[PDB]
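Notes to accompany the following structure.
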Amino acid sequence: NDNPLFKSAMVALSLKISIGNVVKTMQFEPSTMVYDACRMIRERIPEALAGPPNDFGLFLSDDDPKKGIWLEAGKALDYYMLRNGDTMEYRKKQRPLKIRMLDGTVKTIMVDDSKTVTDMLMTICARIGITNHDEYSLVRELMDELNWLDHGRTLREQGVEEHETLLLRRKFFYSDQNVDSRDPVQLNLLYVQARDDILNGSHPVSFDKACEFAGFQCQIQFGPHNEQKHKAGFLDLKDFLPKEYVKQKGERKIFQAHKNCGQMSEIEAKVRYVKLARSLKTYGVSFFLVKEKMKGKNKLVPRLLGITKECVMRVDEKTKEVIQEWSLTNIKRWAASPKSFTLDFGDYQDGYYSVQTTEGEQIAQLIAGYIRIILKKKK
């Protein structure tokens, strides 16, 4: 017997439609627009009626989740180069995104799953009443160049799946930092942030400075120095010094700084800690370890590259001395790749500054972002 349902494989698309655990194979004219394919799916699969019809769309999955894509409603199925036997998921367009708020709690926000990180950031900010979403960014919370997210790309293509909680993070503003001793709650907040940045290496400091900081830290945690209890071996130095500086010889320098605090109060040590951090040219600067080519040396030289609202700075990796600074005004153009980052200063100097780094895109976007702010104040 013959089959009246049969159509040549060349004139129709035979697609498996997946809705949760249900799968039905369905025949489509290949020029069918995605919106109309959803209508025909609602006419054949009862689980397609599980909500308002415009809440659902079509998603092309992939064994590599980073390659899954949402289909656009106005496009024809054959635009997506589908083949007989391919599967498309009939999926809710909005999905929950778990976000750590600025108070440390996690809030689940529904976002358009086809959109970029910037789009979902705007949705988040709209839900919690933030109008200036440009003061914020989303970051991962992995145990690190790995937590950065390109806001012009999607979470999906950057390897962030739906289970992952992201952090809403306020960008650094010097204007956020005005200190005070009458507000101990705020003073503690400023102290914890300055301390954590130094201990975790975000704020690179010299060995001598690291031990002065640790001396105030000792005053704050232990009270005035007491030679009976605060003796050799007492400190767990990993909690008082940046990782690069965790060396026994640091303890005696820390105890000297601690002793020099005398009977200074907890509040006043916090003030001094914050004041010392804010006094450094490295304070507030976003740093990247990059590899420099020195004239007359084959081995590349690691260097700290710092970006701020007004300049780019080269900082010695070991002493943290500021070696060179370029005003953002005197950069002609910049370029980033997955392996390098290069600056062109026009006629301000001969030769480009070109360094090896896997964070070039991060660096480029910081510079462009700060330059955009300077642009927006003049106009």
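Structure above, values below:
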| quantity | calculated |
| --- | --- |
| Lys378-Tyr348 pseudo-label distance in nm [points 7 Å out on the Cα-to-Cβ vector] | 1.3 |
| Around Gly51: net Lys/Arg minus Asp/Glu count, Cβ-Cβ under 12 Å | +2 |
| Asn178 versus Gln324: modelled label distance in nm, points set 7 Å from Cα along the beta carbon direction | 3.8 |
| Neighbour-count ranking [beta-carbon atoms within 10 angstrom, fewest first] of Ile220, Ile198, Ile128, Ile69 | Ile128, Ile69, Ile220, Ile198 |
| The range 185-237: trypsin sites (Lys or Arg not before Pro) in DSSP coil with no more than 15 other Cβ atoms inside 10 Å | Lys229, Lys231 |
| Proximal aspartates and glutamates to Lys378, defined as alpha-carbon separation beneath 20 angstrom and excluding residues fewer than eight positions away on the same chain | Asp134, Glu135, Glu310 |
| Estimated FRET transfer efficiency (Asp239, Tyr136; beta-carbon r; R0 45 Å; 0.05) | 0.90 |
| The range 286-378 - convex hull of alpha carbons, volume per residue in Å³ | 97 |
| Positive-end extreme of charge dipole, the range 95-170 - chosen from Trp148, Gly104, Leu167 (charges on Cβ) | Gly104 |
| Ellipsoid equivalent to the range 54-140 - semi-axes via the Cα gyration tensor, in Å | 31, 13, 11 |
| Residues whose placed amide H lies under 5 Å from that of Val111, excluding near-sequence neighbours | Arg95, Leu97 |
| The range 266-300: trypsin sites (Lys or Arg not before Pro) falling in loop per DSSP and having at most 12 other Cβ within 10 Å | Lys295, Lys297, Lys299 |
| Three semi-axes of the equivalent ellipsoid, the range 18-175, Cα gyration tensor, whole Å, largest first | 34, 16, 14 |
| Spatial extent of the range 95-170: Rg and Dmax, with the Cα atoms as the point set, Å | 11.2, 30 |
| Built amide H within the under 5 Å cut-off of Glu317, gap 5+ | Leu304 |
| Between the range 240-301 and the range 56-132, the alpha-carbon center distance in angstrom | 43 |
| Candidate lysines for bridging to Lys295, where Cα separation is under 29 Å - those fewer than 8 sequence places away on the same chain excluded | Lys281, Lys318, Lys320, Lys332, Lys339 |
| Distance between modelled label sites at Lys249 and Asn200, nm, 7 Å Cα→Cβ extension | 2.9 |
| Translational diffusion of the range 176-278, µm² s⁻¹ [Kirkwood Rh, Cα pairs; Stokes-Einstein; 10 °C; 1.306 mPa s] | 117 |
| Two-decimal Rg/Rh across the chain, once Rg and the Kirkwood Rh are taken from alpha-carbon atoms | 1.11 |
| Helix-only [θ]222 nm of the chain, DSSP H runs n ≥ 4, -39500 (n - 2.57) each, per residue, nearest 500 | -8500 deg cm²/dmol |
| Net dipole in debye of the chain [+1 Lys, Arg Cβ; -1 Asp, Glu Cβ; about Cα centre; nearest 20] | 1040 |
| Candidates per GluC sites (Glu not before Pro) in the range 1-103, loop by DSSP, up to 16 other Cβ within 10 Å | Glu72 |
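A short reminder: the numbers here are calculations on the coordinates, not readings from a lab. Every residue, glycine among them, receives a Cβ derived from its backbone with ideal geometry; neighbour counts consider all protein chains shown.
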